[PDB]
Number of protein chains: 2
Amino acid sequence: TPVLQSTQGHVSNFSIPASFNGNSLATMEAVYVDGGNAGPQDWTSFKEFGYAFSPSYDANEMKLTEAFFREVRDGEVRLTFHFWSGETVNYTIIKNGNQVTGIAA
Amino acid sequence: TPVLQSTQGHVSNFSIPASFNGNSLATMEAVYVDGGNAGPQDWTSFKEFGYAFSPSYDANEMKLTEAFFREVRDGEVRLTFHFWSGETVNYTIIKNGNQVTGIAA
């Protein structure tokens, strides 16, 4: 299982500390706790590899892009990270203007 | 007092081994030994929490972001780390292309 940690950063270069351990990232969903798909492409919970997010395996991070945040309404978003190993992992961001705080489950 | 150690890394994944010893980071200044404010926002010595730097308390580290380094001209920079406890601590980075060496003062 990969493990993620709580963090605090800026929309322009936000990354979550990630221990990938063995795993490789397949995709990520973003939804509001309100209900609603959050992020670019409101028509699916699943966001776009590369453009919205990307795993930096070298640096042990999950990058969330400015493009992703540009289409997130201020508040609380549940992330769900899907790995090829089958398993998933939930994370929580709280966006407040340019400030973002991540919270691990 | 927190204590920092010397290190070597790449601009994209640079972090200083940090013993926080229960202090908490208020802010950080970056200036050249030349004189000059180094880093993003040339108009203040004090850099931006989150975007330019961030303390990883869990991992006992100080992260310096790629964004920070993107706006550092090659050479030597004195860091000054300010904690809420009042006290500060100086560090030294030497940037050379994508290579960076940190030196505890």
Side-chain angles (χ1 to χ4, degrees), chain A residues 1-21 23-25 49-70 72 74-77 79 81 89-105, chain B residues 2 7-20 22-30 38-44 46-72 81-84 93 95 97-102:
Chain A
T1 276
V3 87
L4 302 176
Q5 279 147 77
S6 294
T7 204
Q8 180 150 107
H10 194 286
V11 289
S12 312
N13 58 338
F14 180 80
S15 324
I16 300 152
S19 286
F20 282 100
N21 302 336
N23 293 267
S24 233
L25 189 69
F49 209 107
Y51 174 88
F53 64 91
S54 78
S56 169
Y57 296 104
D58 182 286
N60 297 316
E61 283 178 23
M62 284 293 332
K63 192 69 199 8
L64 302 188
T65 67
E66 198 159 4
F68 171 69
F69 289 110
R70 199 70 177 93
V72 167
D74 270 355
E76 197 178 324
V77 165
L79 301 183
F81 291 97
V89 172
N90 294 345
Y91 197 71
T92 280
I93 63 182
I94 307 94
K95 176 189 188 280
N96 211 9
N98 299 331
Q99 303 296 299
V100 181
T101 77
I103 300 284
Chain B
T7 204
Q8 152 86 103
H10 191 285
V11 288
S12 59
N13 187 22
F14 189 80
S15 59
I16 300 153
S19 284
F20 283 100
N23 287 266
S24 234
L25 188 70
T27 192
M28 178 197 80
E29 305 183 61
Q41 308 186 17
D42 53 277
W43 54 89
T44 169
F46 294 92
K47 302 301 106 188
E48 173 165 14
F49 208 108
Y51 175 86
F53 64 91
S54 75
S56 168
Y57 297 103
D58 183 284
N60 297 316
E61 283 178 23
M62 284 292 333
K63 194 68 199 311
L64 303 187
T65 66
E66 199 161 4
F68 171 69
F69 289 112
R70 198 71 175 91
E71 293 310 316
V72 167
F81 291 97
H82 297 245
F83 303 83
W84 297 111
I93 64 182
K95 175 190 189 280
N98 298 329
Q99 302 310 318
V100 181
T101 315

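Residue numbers begin at 1 in each chain, while the letters A, B, ... track the order of the sequences.
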Problem set entry | Residue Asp58(A) versus chain B: region with a heavy atom under 4.5 Å | both
Seminar exercise, completed: Closest heavy-atom pair, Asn13(A) versus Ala67(B), reported as atoms and distance to 0.1 Å, is ND2-CB, 3.5 Å
Problem set entry | Residues in residues 48-57 of chain B that sit under 4.5 Å from chain A, counting heavy atoms only | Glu48(B), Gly50(B), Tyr51(B)
